[PDB]
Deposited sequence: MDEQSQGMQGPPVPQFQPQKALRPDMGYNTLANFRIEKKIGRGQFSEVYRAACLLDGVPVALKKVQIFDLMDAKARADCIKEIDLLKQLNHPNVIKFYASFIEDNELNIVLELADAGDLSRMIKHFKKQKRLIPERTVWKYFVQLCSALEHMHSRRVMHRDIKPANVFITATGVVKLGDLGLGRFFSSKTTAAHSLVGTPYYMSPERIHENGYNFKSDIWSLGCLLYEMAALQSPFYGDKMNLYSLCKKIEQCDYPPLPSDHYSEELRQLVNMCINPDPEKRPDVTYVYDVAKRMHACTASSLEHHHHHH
C-alpha cells in the first residue's frame, strides 16, 4: 500500500510496524515509524468487531473519543484514531526511554532506597497527569509503575500497554466485584507512592497467595515505611489513599496539592 500525505497520521499506509510492545485482551500495541516525517510512534490496534459485542464496542469508541481529547505534558498524547483493516487503530505518543518499574528494580538491585526528594519529583508529575484525566471525567483503570513512563529528559508520561491473574494492585472494590470508579485510581496511586518508598507493593509477600492477599486487603495490612527516611506527610498520604472505602479516599486534586507542596519544599 502506497503513501498519502493528504491523510497525514490518519491512515496505516503512512506507518511502518517496527516491533510489538504490548498485548491486551482486545488489543496489541506496536512501535512504528511515521513514514511522512520519520518520527516514531506507538500504534494500538483494538479488535472492536472480532473480540467484542455491540455494547463493549460502543463503550470502547466512546472511551477513545474522550481520551483523544486529553492534552497534558504528563499524559501520552493521542495523535489519531481511525477504523481501518477491521480494527480501531490509535496513533499514540511513544515513550521508549524507560519507566518507574525499571527505576524501582534498579535501586532494588543497587540495594538503595529512593530519596524522598526523588519520590516527589516523579510523583508530583503522576498526580498532574491524573488530575487532568479526572477533571475531564476519565478513569485510568490501571495505575502501576510499568505504565508510568519516564522520558530521557526526566519527564513522566502516564500511558497504558498492560494462581493470581488479577490487577497489579488488588483493591477492596475488586474483591467485592463492585466495579472500578475514580476513587479506584486513588487506591492505585497510594499503592504506587508506597512502592516508590518501599521498593515493593504494599501487599507483596515472599510466598504470596489469594487467601493471604484478601485477608491483608480486608485489614489494610502493609508494613509501615521507615520514618527515618520518609516524612510523616508521605506516610499520611499513603495511609489516607490506602483506605477500604472508596468514598473516604481523597480526590486527585487533594493528592496533587499535597505533592506540589511536598515537591516544593523537599527540592
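A.B. asks: Counting from 1 along the deposited sequence, what's missing?
C.D. replies: Residues missing from the model, as numbered along the full deposited sequence, span 1 to 19, 182 to 195, 301 to 310.
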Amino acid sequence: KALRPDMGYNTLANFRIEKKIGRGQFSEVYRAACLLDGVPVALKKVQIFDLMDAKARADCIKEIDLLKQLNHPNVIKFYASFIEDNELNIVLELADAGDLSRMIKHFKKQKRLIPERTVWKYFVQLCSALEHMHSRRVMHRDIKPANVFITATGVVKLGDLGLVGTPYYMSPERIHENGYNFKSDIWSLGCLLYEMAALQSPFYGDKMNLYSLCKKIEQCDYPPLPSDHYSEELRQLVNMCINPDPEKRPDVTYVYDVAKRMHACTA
From here on, numbers count along this sequence of modelled residues.
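A.B. asks: Should the higher mean CA B-factor in the entry be assigned to 182 to 190 or to 163 to 171?
C.D. replies: Per the deposited B-factors, the answer is 163 to 171.
A.B. asks: Which has the higher mean CA temperature factor in the PDB entry, 35 to 43 or 61 to 69?
C.D. replies: Averaging CA B-factors over each stretch, the winner is 35 to 43.
A.B. asks: Name the residue from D85, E116, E195, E131 with the greatest C-alpha temperature factor listed in the entry.
C.D. replies: So the option with the highest C-alpha B-factor is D85.
A.B. asks: Highest Cα temperature factor in the entry, among the options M52, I242, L199, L234: which one is it?
C.D. replies: Highest C-alpha B-factor among the listed options: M52.
A.B. asks: Please rank the C-alpha B-factors of the chain's modelled residues and tell me whether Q125 sits in the lowest, middle or highest third.
C.D. replies: According to the entry, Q125 has a C-alpha B-factor in the chain's lowest third.
A.B. asks: Against its chain's modelled residues, does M208's Cα B factor rank lowest, middle or highest third?
C.D. replies: As the PDB entry reports it, the C-alpha B-factor of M208 lands in the highest third of its chain.
A.B. asks: Should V148 be placed in the lowest, middle or highest third of its chain by the C-alpha B factor in the entry?
C.D. replies: Its C-alpha B-factor belongs to the lowest third of this chain's values.
A.B. asks: Divide the modelled residues of the chain into thirds by Cα B-factor and specify which third, lowest, middle or highest, holds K260.
C.D. replies: Its C-alpha B-factor, which the entry lists for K260, ranks in the lowest third among residues of this chain.
A.B. asks: Of the three thirds of its chain by CA temperature factor, lowest, middle or highest, which one includes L100?
C.D. replies: Middle third by C-alpha B-factor.
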